[PDB]
Each structure stands twice: as C-alpha cells, then as structure tokens.
Amino acid sequence: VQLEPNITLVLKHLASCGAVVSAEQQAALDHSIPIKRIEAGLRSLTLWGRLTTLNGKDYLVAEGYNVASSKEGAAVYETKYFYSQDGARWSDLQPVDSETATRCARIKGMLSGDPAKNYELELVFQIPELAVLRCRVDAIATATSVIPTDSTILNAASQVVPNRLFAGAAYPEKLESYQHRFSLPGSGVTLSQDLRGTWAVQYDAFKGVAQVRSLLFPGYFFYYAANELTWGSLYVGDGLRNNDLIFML
Amino acid sequence: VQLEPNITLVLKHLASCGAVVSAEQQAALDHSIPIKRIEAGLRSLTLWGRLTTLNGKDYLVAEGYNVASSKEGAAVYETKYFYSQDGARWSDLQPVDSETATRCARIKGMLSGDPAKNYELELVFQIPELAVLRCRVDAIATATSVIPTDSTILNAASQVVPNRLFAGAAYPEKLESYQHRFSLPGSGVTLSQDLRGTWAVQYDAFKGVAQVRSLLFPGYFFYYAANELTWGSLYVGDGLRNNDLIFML
Amino acid sequence: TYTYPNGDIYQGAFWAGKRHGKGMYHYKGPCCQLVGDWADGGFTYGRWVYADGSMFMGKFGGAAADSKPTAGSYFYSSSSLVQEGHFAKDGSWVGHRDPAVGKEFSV
C-alpha cells in the first residue's frame with residue numbers, strides 16, 4: 001500500500017524504543033530531506049539511522065536509491081548513503097574496497113565526531129573513520145534490512161517494485177511475515193530462516209502494531225502497523241555487533 | 001495510497017494554519033481513539049474537529065463510518081459522531097430533528113462548555129446544548145468534506161472504496177484536483193462547481209504539499225501531500241460560518 | 001567416594017592419593033557436574049553440565065595451574081544454541097563459527 005516510509009510516522013512509532021532524534025534536527029530534516037533528494041538524482045531518500053559517538057555530534061545517516069534490479073538471484077538496490085552531524089547539510093559516503101572492508105571490521109570501539117579521524121592497525125595501516133562508518137552501515141544493512149513479505153514484486157525487465165495491491169501480512173507476530181529486502185519476491189526466504197534467537201517480535205494485537213527488534217544488532221528496530229499498513233525501520237546506537245548471543249540468550 | 005488519515009499527520013501538516021490540539025488531548029486521543037473504534041465496531045474513526053467553548057473545556061468531536069455506499073447518485077456515508085471534553089471518554093453525539101435544527105440555526109455566539117445548559121427561544125422553546133453542537137457539526141460537515149479527486153472508486157456490489165492504485169492528483173494547486181466526499185468518483189463534479197470565492201489553495205511544489213482553506217467556514221483546513229499520497233482535514237473553532245463573506249473578499 | 005567438607009562429592013577412581021581415571025564430581029552450591037577423565041586429581045576431558053541442561057563438552061586444563069576449560073563446544077539449553085570454539089587467553093572465548101541450533105552432547 002505505502003510506497004516509502006515516512007520520517008514522522010517512523011519517529012512516532014519508534015519513540016518508545018529510544019529511537020528519537022532532536023527536535024531542531026527534526027525540523028532540519030523536514031526541510032533538508034527534499035533538498036538532497038532533488039540535488040542528487042534519487043527518487044526515494046529516507047532516514048536510515050543515527051549512530052552515536054564520543055562527542056554529542058551523532059551521525060545521522062540517510063539512504064537513497066534510483067534503480068532496484070534483480071541480479072543473480074538477489075534483489076539488489078544501487079543504494080547511496082549520506083551522513084550529517086545536523087539535519088541541515090549532508091555529505092556523501094563513498095563505498096570502500098575489499099582490503100579496507102576487511103581491515104575496517106577489526107576496529108571495535110565507539111566512533112569519534114570528526115570524520116577526518118584516522119585509526120591505526122598492524123607496519124601500520126592508516127584507515128579513515130568514514131570508511132569504518134560505511135563498513136558498519138553496510139554490515140547492519142546486510143544483516144537487518146527488514147520489510148514485510150510480498151511487499152515487493154517483479155515486473156518486466158526484472159525490477160523489484162512496490163506491490164501496490166499488498167493487503168498486509170496475516171499473523172504479524174510470526175517472523176514468517178517479514179523478510180530481508182534483498183530476498184527475491186518469489187523466494188520463500190524470511191527472517192525465520194535466520195538464526196532462531198536473533199529476532200524478537202512484540203505484537204500489540206489490540207492497536208494492531210508489531211515491533212521487531214534485532215538482538216544480534218541490539219539497536220535496530222522495525223515497526224509495522226497493520227490497520228494503516230505502514231512499516232518503517234530505524235537504527236539508534238552504535239554499529240557494533242553482539243558476538244556472544246549464545247550466553248545472553 | 002493511504003487507507004485512513006493519520007491524526008499525527010493532520011496535526012503536523014495543519015499546524016501552520018493554527019489547527020492544533022493540546023498535549024494532554026494529543027496523548028489521550030492517541031490512546032483512546034482505537035478503544036472507541038473497537039467498541040463501536042467501526043472500520044474507521046478519526047478526530048473530526050475541536051469546537052471551542054466559552055469556559056476552559058472544549059468539545060472534541062470524532063466521526064466514524066463502517067462502509068460508504070452509492071445511493072441516489074451520491075456517495076452516502078452512514079456516519080456516527082462522538083464528543084468529549086477530555087480526550088479520554090467518548091460519549092455519543094445524538095442526531096437532531098429538522099425543526100430543531102432550524103432552531104439551532106438561530107443560536108449564535110460561542111456555546112458554553114457545560115453539556116447541560118439549555119438555551120431559550122421563541123411560546124418558548126428549550127433547546128439542549130448538545131443539539132446545537134450537533135446542528136453546527138452537521139452543517140460544517142455537509143458543507144465542506146474534502147477528498148482528492150478520484151481517490152475513491154466503485155466496485156462490485158457498488159460500494160465506494162479506496163482506490164488502491166491511485167496516480168495522484170495532477171495539477172494539485174487547482175480546485176479541480178479536489179472534490180466533496182459525497183460526490184461520486186465517476187462524475188466530474190469537483191471542488192470548482194461551488195461558489196467562486198469560498199475556497200483558497202496554497203501550494204508548495206518543492207515539498208509538494210497543498211493546503212485548502214474553506215472561506216465560508218473559516219476553520220476548515222485540508223492538506224494533500226504529493227510525494228506521499230496522504231491527505232487529511234481538520235476543523236478548529238466554533239461552528240459559525242461568516243455570512244458577511246462578500247465584504248471580506 | 002570422597003565427600004569434601006564443602007559438600008562437593010567425588011565418585012570414581014583414585015590412584016596414589018588423587019583423583020584418576022573415570023570420575024564424576026558434583027559441586028555443592030552451583031549444581032554443576034564434571035564428568036569424565038581425571039588425571040592427578042584434576043579434570044582433563046569430558047562434559048561440564050549446569051543445573052538446567054546447558055553444558056560444555058571438550059578438553060579442559062588438567063591439574064596444571066587450573067582446571068579451566070580450554071577447547072570444545074558450548075550448548076545452552078535455554079536457546080538450544082551450540083557453538084564450537086576455544087578460550088584464547090584471559091578468559092576471552094573465541095568461536096570458530098556462528099552459533100547454530102543443535103542438541104545436547106550425549107556421548
């Protein structure tokens with residue numbers, strides 16, 4: 001039914017889970033999301049998340065794509081990520097090559113504010129902080145991008161497009177009603193096929209709203225309201241990974 | 001696109017037009033609209049407006065309908081109204097007769113908060129205050145109930161229903177892009193076949209948001225967002241139409 | 001059978017005043033059991049079982065400098081997860097693969 005999640009509805013439904021942004025930053029977002037959506041050629045630019053930092057200048061990260069195709073048995077989106085400290089002026093996040101993509105996953109810690117920070121590894125490897133930020137965003141998006149099943153569909157020329165006749169998911173408390181965004185529409189892959197204890201679902205059946213929380217990445221929340229058929233997802237907190245899931249559960 | 005209007009969207013988009021609802025009432029509506037919707041059995045129920053009363057307490061009025069039919073060449077909605085002073089308990093707003101409505105018509109000025117006051121008219125007639133409230137509300141509703149053009153369509157069994165695959169109003173800064181709720185989707189009767197100066201439209205092309213203000217009833221505001229096909233209407237103020245409209249123009 | 005002052009009970013084989021060979025040791029307090037092969041009064045290989053059903057099967061450090069586990073597989077009964085790995089040092093547990101649903105280690 002919906003074609004792009006709102007920022008206001010998402011920030012309203014996920015407020016209870018701590019997924020909130022400052023009010024001045026909220027107004028700046030309201031003004032400066034369309035500006036970036038028009039400056040860049042994108043046609044769907046939403047807010048992805050907000051990563052914390054050693055300063056107060058958290059990283060607000062937005063994501064936008066033009067084309068979304070079906071390549072090699074996977075729905076692939078040519079995503080582009082932007083970051084900002086305040087909601088006013090956005091900058092871009094260039095992708096990182098594989099050598100850095102492997103040398104950036106060993107840098108556990110909380111990111112600092114200035115995006116001109118260099119971490120050191122071992123000879124010494126000097127890595128920029130924006131590379132680490134992009135690595136963390138890519139990992140979280142690979143592990144957590146959640147949408148209701150059958151919300152997308154395949155057309156001619158093999159483009160994944162919103163299912164304009166989507167009638168919602170029956171049993172919105174079962175994990176079988178949600179799927180990764182990069183699963184092809186025909187495939188029966190859902191969040192159930194992931195590790196059993198990774199995802200937690202709390203479903204308010206009276207107000208008809210379901211919340212899916214990631215336990216492997218503790219700061220990722222997703223909401224799905226069935227009566228109005230609106231689904232959104234945000235990530236608040238840093239992008240570190242919960243390795244010892246077996247002990248916590 | 002959208003199935004039912006969102007209260008937070010209405011309050012966010014119509015805030016510039018001075019159509020606001022207090023914080024306590026905001027939270028109380030958020031928690032109490034679903035309860036009354038479920039108790040009554042209505043598929044849709046939403047805040048219709050806020051009529052201001054003499055003393056501090058105000059009248060919040062909500063309306064709800066189950067299904068809208070197509071009868072006698074018009075879209076007939078069987079609506080039921082509820083009123084409240086606080087946003088917690090929703091009592092019923094009873095329908096009134098014809099001659100009693102004519103007597104409501106001669107009651108002017110701001111009505112008082114107490115729902116037990118009785119007005120005096122002329123042989124003397126005793127007019128209950130809730131009757132005056134209902135008379136004003138139904139007058140405003142039957143005058144101005146805006147919906148974007150062709151956003152609803154007929155179906156089998158002839159019940160007007162939301163049009164799931166809706167392109168969006170083209171040329172949305174013109175009255176032809178909007179219509180009355182009770183106008184059939186097929187007919188070309190739109191918001192332009194009424195008096196020439198009773199409506200005003202403001203448009204932001206970058207944000208893609210249109211605001212429609214009723215001039216016959218100054219407190220009726222409507223918004224339509226183009227990027228996300230969401231529209232909503234709200235009434236704020238006492239239920240008096242300015243009969244001295246021409247001199248205003 | 002040696003009943004210790006703390007309530008811990010060792011049942012099994014002895015050799016020259018120590019625990020040796022097959023033996024099983026029940027702790028008082030934390031109802032956890034060490035079952036398997038003992039050498040010089042210390043655990044070497046076998047299964048460490050908690051009070052609910054979760055356990056750890058593998059090779060432990062001997063009497064040498066402690067009986068701490070060294071390598072093997074954890075299984076947690078609450079989530080049915082199983083993970084193979086080893087304790088690198090300072091207690092840090094490093095696993096070889098992501099956890100996967102499994103069952104208890106019934107030799």
# chains A, B, ... in the order shown; residues from 1 in each chain; ligands from 1
>>> closest_atom_pairs(of="chain B", to="chain A", cutoff="8 Å", atoms="only C-alpha atoms", output="JSON lines")
{"residue": "B:1", "atom": "CA", "partner": "A:1", "partner_atom": "CA", "distance": 5.7}
{"residue": "B:2", "atom": "CA", "partner": "A:2", "partner_atom": "CA", "distance": 6.9}
{"residue": "B:3", "atom": "CA", "partner": "A:228", "partner_atom": "CA", "distance": 6.0}
{"residue": "B:4", "atom": "CA", "partner": "A:228", "partner_atom": "CA", "distance": 6.5}
{"residue": "B:8", "atom": "CA", "partner": "A:9", "partner_atom": "CA", "distance": 7.9}
{"residue": "B:9", "atom": "CA", "partner": "A:8", "partner_atom": "CA", "distance": 7.8}
{"residue": "B:34", "atom": "CA", "partner": "A:207", "partner_atom": "CA", "distance": 6.4}
{"residue": "B:164", "atom": "CA", "partner": "A:165", "partner_atom": "CA", "distance": 6.5}
{"residue": "B:165", "atom": "CA", "partner": "A:164", "partner_atom": "CA", "distance": 6.0}
{"residue": "B:206", "atom": "CA", "partner": "A:34", "partner_atom": "CA", "distance": 7.3}
{"residue": "B:207", "atom": "CA", "partner": "A:34", "partner_atom": "CA", "distance": 6.7}
{"residue": "B:228", "atom": "CA", "partner": "A:4", "partner_atom": "CA", "distance": 7.3}
>>> interface_residues(of="chain A", to="chain C", cutoff="10 Å", atoms="only C-alpha atoms", output="PyMOL selection string")
chain A and resi 194-197+243-249
>>> select_by_dssp(residues="segment 64-223 of chain A", states="helix (DSSP H, G or I)", output="VMD selection string")
chain A and resid 98 to 103 129 to 144 175 to 177
>>> residues_around(residues="residue 1 of chain C", least_positions_apart="6", cutoff="10 Å", atoms="only C-alpha atoms", output="PyMOL selection string")
chain C and resi 9-14+23-25
>>> residues_around(residues="residue 87 of chain B", least_positions_apart="4", cutoff="6 Å", atoms="only C-alpha atoms", output="list in words")
residues 25, 28 and 29 of chain B
>>> select_by_dssp(residues="chain C", states="strand (DSSP E or B)", output="PDB file with N, CA and C atoms, in the first residue's frame")
ATOM      1  N   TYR C   2      34.679 -39.738  47.811  1.00  0.00           N
ATOM      2  CA  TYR C   2      35.230 -38.741  48.720  1.00  0.00           C
ATOM      3  C   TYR C   2      34.201 -37.631  48.883  1.00  0.00           C
ATOM      4  N   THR C   3      33.730 -37.438  50.112  1.00  0.00           N
ATOM      5  CA  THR C   3      32.824 -36.350  50.443  1.00  0.00           C
ATOM      6  C   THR C   3      33.638 -35.238  51.088  1.00  0.00           C
ATOM      7  N   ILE C   9      30.988 -33.754  46.155  1.00  0.00           N
ATOM      8  CA  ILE C   9      31.109 -35.205  46.219  1.00  0.00           C
ATOM      9  C   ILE C   9      31.831 -35.676  44.967  1.00  0.00           C
ATOM     10  N   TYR C  10      32.935 -36.394  45.148  1.00  0.00           N
ATOM     11  CA  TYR C  10      33.631 -37.026  44.037  1.00  0.00           C
ATOM     12  C   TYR C  10      33.399 -38.527  44.105  1.00  0.00           C
ATOM     13  N   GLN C  11      32.988 -39.118  42.985  1.00  0.00           N
ATOM     14  CA  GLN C  11      32.756 -40.554  42.915  1.00  0.00           C
ATOM     15  C   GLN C  11      33.522 -41.104  41.723  1.00  0.00           C
ATOM     16  N   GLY C  12      34.395 -42.070  41.965  1.00  0.00           N
ATOM     17  CA  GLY C  12      35.130 -42.610  40.836  1.00  0.00           C
ATOM     18  C   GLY C  12      36.438 -43.234  41.284  1.00  0.00           C
ATOM     19  N   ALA C  13      37.415 -43.213  40.380  1.00  0.00           N
ATOM     20  CA  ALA C  13      38.662 -43.920  40.620  1.00  0.00           C
ATOM     21  C   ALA C  13      39.725 -43.002  41.210  1.00  0.00           C
ATOM     22  N   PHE C  14      40.556 -43.580  42.074  1.00  0.00           N
ATOM     23  CA  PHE C  14      41.666 -42.910  42.729  1.00  0.00           C
ATOM     24  C   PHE C  14      42.958 -43.636  42.387  1.00  0.00           C
ATOM     25  N   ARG C  19      42.556 -38.012  42.464  1.00  0.00           N
ATOM     26  CA  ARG C  19      41.542 -38.494  41.538  1.00  0.00           C
ATOM     27  C   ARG C  19      42.202 -38.884  40.222  1.00  0.00           C
ATOM     28  N   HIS C  20      41.743 -39.988  39.640  1.00  0.00           N
ATOM     29  CA  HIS C  20      42.370 -40.522  38.440  1.00  0.00           C
ATOM     30  C   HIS C  20      41.363 -41.376  37.687  1.00  0.00           C
ATOM     31  N   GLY C  21      41.585 -41.512  36.381  1.00  0.00           N
ATOM     32  CA  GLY C  21      40.711 -42.364  35.598  1.00  0.00           C
ATOM     33  C   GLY C  21      39.315 -41.781  35.464  1.00  0.00           C
ATOM     34  N   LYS C  22      38.332 -42.664  35.350  1.00  0.00           N
ATOM     35  CA  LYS C  22      36.952 -42.220  35.246  1.00  0.00           C
ATOM     36  C   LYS C  22      36.455 -41.707  36.589  1.00  0.00           C
ATOM     37  N   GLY C  23      35.803 -40.549  36.557  1.00  0.00           N
ATOM     38  CA  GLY C  23      35.251 -39.981  37.769  1.00  0.00           C
ATOM     39  C   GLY C  23      34.263 -38.884  37.454  1.00  0.00           C
ATOM     40  N   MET C  24      33.378 -38.638  38.417  1.00  0.00           N
ATOM     41  CA  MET C  24      32.378 -37.593  38.276  1.00  0.00           C
ATOM     42  C   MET C  24      32.243 -36.832  39.590  1.00  0.00           C
ATOM     43  N   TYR C  25      32.222 -35.505  39.480  1.00  0.00           N
ATOM     44  CA  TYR C  25      32.365 -34.582  40.599  1.00  0.00           C
ATOM     45  C   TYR C  25      31.157 -33.663  40.615  1.00  0.00           C
ATOM     46  N   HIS C  26      30.445 -33.641  41.737  1.00  0.00           N
ATOM     47  CA  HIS C  26      29.270 -32.801  41.910  1.00  0.00           C
ATOM     48  C   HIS C  26      29.592 -31.683  42.891  1.00  0.00           C
ATOM     49  N   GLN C  33      28.244 -30.302  37.361  1.00  0.00           N
ATOM     50  CA  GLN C  33      28.942 -31.575  37.451  1.00  0.00           C
ATOM     51  C   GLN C  33      30.042 -31.645  36.408  1.00  0.00           C
ATOM     52  N   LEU C  34      31.186 -32.193  36.806  1.00  0.00           N
ATOM     53  CA  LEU C  34      32.279 -32.505  35.893  1.00  0.00           C
ATOM     54  C   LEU C  34      32.362 -34.018  35.754  1.00  0.00           C
ATOM     55  N   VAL C  35      32.163 -34.524  34.538  1.00  0.00           N
ATOM     56  CA  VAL C  35      32.081 -35.960  34.297  1.00  0.00           C
ATOM     57  C   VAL C  35      33.105 -36.337  33.240  1.00  0.00           C
ATOM     58  N   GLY C  36      33.967 -37.292  33.555  1.00  0.00           N
ATOM     59  CA  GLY C  36      34.867 -37.784  32.538  1.00  0.00           C
ATOM     60  C   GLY C  36      36.207 -38.203  33.133  1.00  0.00           C
ATOM     61  N   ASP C  37      37.272 -37.869  32.406  1.00  0.00           N
ATOM     62  CA  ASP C  37      38.598 -38.387  32.704  1.00  0.00           C
ATOM     63  C   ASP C  37      39.381 -37.418  33.578  1.00  0.00           C
ATOM     64  N   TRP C  38      39.927 -37.942  34.673  1.00  0.00           N
ATOM     65  CA  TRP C  38      40.687 -37.174  35.643  1.00  0.00           C
ATOM     66  C   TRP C  38      42.127 -37.657  35.654  1.00  0.00           C
ATOM     67  N   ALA C  39      43.053 -36.729  35.884  1.00  0.00           N
ATOM     68  CA  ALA C  39      44.472 -37.046  35.972  1.00  0.00           C
ATOM     69  C   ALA C  39      45.095 -36.164  37.040  1.00  0.00           C
ATOM     70  N   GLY C  42      42.710 -33.803  38.812  1.00  0.00           N
ATOM     71  CA  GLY C  42      42.152 -32.709  38.053  1.00  0.00           C
ATOM     72  C   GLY C  42      41.465 -33.211  36.798  1.00  0.00           C
ATOM     73  N   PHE C  43      40.517 -32.410  36.323  1.00  0.00           N
ATOM     74  CA  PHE C  43      39.758 -32.751  35.128  1.00  0.00           C
ATOM     75  C   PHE C  43      40.602 -32.524  33.882  1.00  0.00           C
ATOM     76  N   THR C  44      40.467 -33.420  32.910  1.00  0.00           N
ATOM     77  CA  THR C  44      41.192 -33.299  31.651  1.00  0.00           C
ATOM     78  C   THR C  44      40.290 -33.289  30.430  1.00  0.00           C
ATOM     79  N   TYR C  45      39.294 -34.167  30.375  1.00  0.00           N
ATOM     80  CA  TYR C  45      38.429 -34.255  29.211  1.00  0.00           C
ATOM     81  C   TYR C  45      37.062 -34.744  29.656  1.00  0.00           C
ATOM     82  N   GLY C  46      36.028 -34.240  29.009  1.00  0.00           N
ATOM     83  CA  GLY C  46      34.702 -34.728  29.315  1.00  0.00           C
ATOM     84  C   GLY C  46      33.680 -33.610  29.216  1.00  0.00           C
ATOM     85  N   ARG C  47      32.660 -33.713  30.067  1.00  0.00           N
ATOM     86  CA  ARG C  47      31.491 -32.850  29.988  1.00  0.00           C
ATOM     87  C   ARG C  47      31.282 -32.111  31.302  1.00  0.00           C
ATOM     88  N   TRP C  48      31.009 -30.813  31.201  1.00  0.00           N
ATOM     89  CA  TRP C  48      30.672 -29.964  32.337  1.00  0.00           C
ATOM     90  C   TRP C  48      29.216 -29.550  32.168  1.00  0.00           C
ATOM     91  N   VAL C  49      28.363 -29.985  33.088  1.00  0.00           N
ATOM     92  CA  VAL C  49      26.919 -29.822  32.965  1.00  0.00           C
ATOM     93  C   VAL C  49      26.422 -28.874  34.045  1.00  0.00           C
ATOM     94  N   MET C  55      25.517 -27.211  28.856  1.00  0.00           N
ATOM     95  CA  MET C  55      26.744 -27.935  29.149  1.00  0.00           C
ATOM     96  C   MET C  55      27.844 -27.492  28.199  1.00  0.00           C
ATOM     97  N   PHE C  56      29.029 -28.042  28.439  1.00  0.00           N
ATOM     98  CA  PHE C  56      30.218 -27.772  27.642  1.00  0.00           C
ATOM     99  C   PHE C  56      30.997 -29.071  27.542  1.00  0.00           C
ATOM    100  N   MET C  57      31.174 -29.572  26.325  1.00  0.00           N
ATOM    101  CA  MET C  57      31.895 -30.820  26.103  1.00  0.00           C
ATOM    102  C   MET C  57      33.222 -30.532  25.424  1.00  0.00           C
ATOM    103  N   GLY C  58      34.294 -31.096  25.959  1.00  0.00           N
ATOM    104  CA  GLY C  58      35.579 -30.885  25.316  1.00  0.00           C
ATOM    105  C   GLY C  58      36.722 -31.152  26.277  1.00  0.00           C
ATOM    106  N   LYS C  59      37.850 -30.511  25.985  1.00  0.00           N
ATOM    107  CA  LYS C  59      39.070 -30.690  26.755  1.00  0.00           C
ATOM    108  C   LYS C  59      39.294 -29.485  27.658  1.00  0.00           C
ATOM    109  N   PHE C  60      39.539 -29.772  28.933  1.00  0.00           N
ATOM    110  CA  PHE C  60      39.818 -28.801  29.976  1.00  0.00           C
ATOM    111  C   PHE C  60      41.302 -28.832  30.302  1.00  0.00           C
ATOM    112  N   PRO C  69      38.331 -24.793  31.486  1.00  0.00           N
ATOM    113  CA  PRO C  69      38.158 -25.337  30.137  1.00  0.00           C
ATOM    114  C   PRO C  69      39.104 -24.667  29.155  1.00  0.00           C
ATOM    115  N   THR C  70      39.506 -25.426  28.140  1.00  0.00           N
ATOM    116  CA  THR C  70      40.386 -24.921  27.094  1.00  0.00           C
ATOM    117  C   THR C  70      39.724 -24.902  25.726  1.00  0.00           C
ATOM    118  N   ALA C  71      39.173 -26.027  25.274  1.00  0.00           N
ATOM    119  CA  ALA C  71      38.578 -26.054  23.946  1.00  0.00           C
ATOM    120  C   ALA C  71      37.381 -26.988  23.937  1.00  0.00           C
ATOM    121  N   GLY C  72      36.451 -26.726  23.035  1.00  0.00           N
ATOM    122  CA  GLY C  72      35.318 -27.618  22.909  1.00  0.00           C
ATOM    123  C   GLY C  72      34.088 -26.862  22.444  1.00  0.00           C
ATOM    124  N   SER C  73      32.928 -27.408  22.793  1.00  0.00           N
ATOM    125  CA  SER C  73      31.658 -26.900  22.303  1.00  0.00           C
ATOM    126  C   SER C  73      30.731 -26.596  23.467  1.00  0.00           C
ATOM    127  N   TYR C  74      30.142 -25.404  23.432  1.00  0.00           N
ATOM    128  CA  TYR C  74      29.112 -24.977  24.363  1.00  0.00           C
ATOM    129  C   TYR C  74      27.740 -25.295  23.792  1.00  0.00           C
ATOM    130  N   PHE C  75      26.822 -25.689  24.671  1.00  0.00           N
ATOM    131  CA  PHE C  75      25.425 -25.869  24.309  1.00  0.00           C
ATOM    132  C   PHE C  75      24.575 -25.257  25.406  1.00  0.00           C
ATOM    133  N   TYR C  76      23.701 -24.326  25.040  1.00  0.00           N
ATOM    134  CA  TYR C  76      22.867 -23.633  26.013  1.00  0.00           C
ATOM    135  C   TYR C  76      21.424 -24.089  25.857  1.00  0.00           C
ATOM    136  N   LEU C  81      21.152 -23.307  21.434  1.00  0.00           N
ATOM    137  CA  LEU C  81      22.277 -22.963  20.580  1.00  0.00           C
ATOM    138  C   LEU C  81      23.506 -23.784  20.944  1.00  0.00           C
ATOM    139  N   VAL C  82      24.328 -24.052  19.932  1.00  0.00           N
ATOM    140  CA  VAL C  82      25.578 -24.785  20.075  1.00  0.00           C
ATOM    141  C   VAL C  82      26.659 -24.001  19.351  1.00  0.00           C
ATOM    142  N   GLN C  83      27.823 -23.867  19.980  1.00  0.00           N
ATOM    143  CA  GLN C  83      28.937 -23.164  19.358  1.00  0.00           C
ATOM    144  C   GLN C  83      30.243 -23.864  19.688  1.00  0.00           C
ATOM    145  N   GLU C  84      31.049 -24.115  18.664  1.00  0.00           N
ATOM    146  CA  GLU C  84      32.372 -24.693  18.837  1.00  0.00           C
ATOM    147  C   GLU C  84      33.419 -23.589  18.869  1.00  0.00           C
ATOM    148  N   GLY C  85      34.374 -23.718  19.781  1.00  0.00           N
ATOM    149  CA  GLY C  85      35.382 -22.690  19.925  1.00  0.00           C
ATOM    150  C   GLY C  85      36.386 -23.055  20.999  1.00  0.00           C
ATOM    151  N   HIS C  86      37.165 -22.048  21.388  1.00  0.00           N
ATOM    152  CA  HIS C  86      38.187 -22.238  22.403  1.00  0.00           C
ATOM    153  C   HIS C  86      38.397 -20.948  23.179  1.00  0.00           C
ATOM    154  N   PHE C  87      38.927 -21.100  24.388  1.00  0.00           N
ATOM    155  CA  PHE C  87      39.281 -19.950  25.204  1.00  0.00           C
ATOM    156  C   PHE C  87      40.698 -19.517  24.869  1.00  0.00           C
ATOM    157  N   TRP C  93      36.551 -15.859  25.101  1.00  0.00           N
ATOM    158  CA  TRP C  93      36.073 -17.021  24.362  1.00  0.00           C
ATOM    159  C   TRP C  93      35.951 -16.653  22.892  1.00  0.00           C
ATOM    160  N   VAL C  94      36.707 -17.328  22.032  1.00  0.00           N
ATOM    161  CA  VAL C  94      36.647 -17.092  20.596  1.00  0.00           C
ATOM    162  C   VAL C  94      36.053 -18.327  19.933  1.00  0.00           C
ATOM    163  N   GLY C  95      34.978 -18.118  19.179  1.00  0.00           N
ATOM    164  CA  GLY C  95      34.319 -19.182  18.460  1.00  0.00           C
ATOM    165  C   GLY C  95      34.783 -19.253  17.020  1.00  0.00           C
ATOM    166  N   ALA C 100      24.635 -22.282  16.034  1.00  0.00           N
ATOM    167  CA  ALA C 100      23.609 -22.962  15.262  1.00  0.00           C
ATOM    168  C   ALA C 100      22.803 -23.849  16.195  1.00  0.00           C
ATOM    169  N   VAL C 101      21.521 -24.023  15.871  1.00  0.00           N
ATOM    170  CA  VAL C 101      20.659 -24.882  16.669  1.00  0.00           C
ATOM    171  C   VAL C 101      21.188 -26.309  16.633  1.00  0.00           C
TER     172      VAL C 101
END
>>> residues_around(residues="residue 101 of chain B", least_positions_apart="3", cutoff="6 Å", atoms="only C-alpha atoms", output="PyMOL selection string")
chain B and resi 98+104+135
>>> write_last_selection(atoms="C-alpha atoms", output="PDB file, in the first residue's frame")
ATOM      1  CA  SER B  98     -35.393  19.114  11.309  1.00  0.00           C
ATOM      2  CA  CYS B 104     -30.214  25.624  16.257  1.00  0.00           C
ATOM      3  CA  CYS B 135     -26.513  21.074  14.347  1.00  0.00           C
TER       4      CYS B 135
END
>>> residues_around(residues="segment 52-61 of chain B", least_positions_apart="2", cutoff="7 Å", atoms="only C-alpha atoms", output="MDAnalysis selection string")
chainID B and resid 47:50 63 81:85 110:113 237:238
>>> atom_distance(atom1="atom CA of residue 205 of chain B", atom2="atom CA of residue 141 of chain B")
28.9 Å
>>> atom_distance(atom1="atom CA of residue 143 of chain B", atom2="atom CA of residue 236 of chain B")
15.0 Å
>>> residues_around(residues="residue 184 of chain B", least_positions_apart="5", cutoff="8 Å", atoms="only C-alpha atoms", output="number ranges by chain")
B: 70, 73-75, 189
>>> atom_distance(atom1="atom CA of residue 202 of chain B", atom2="atom CA of residue 218 of chain B")
14.9 Å
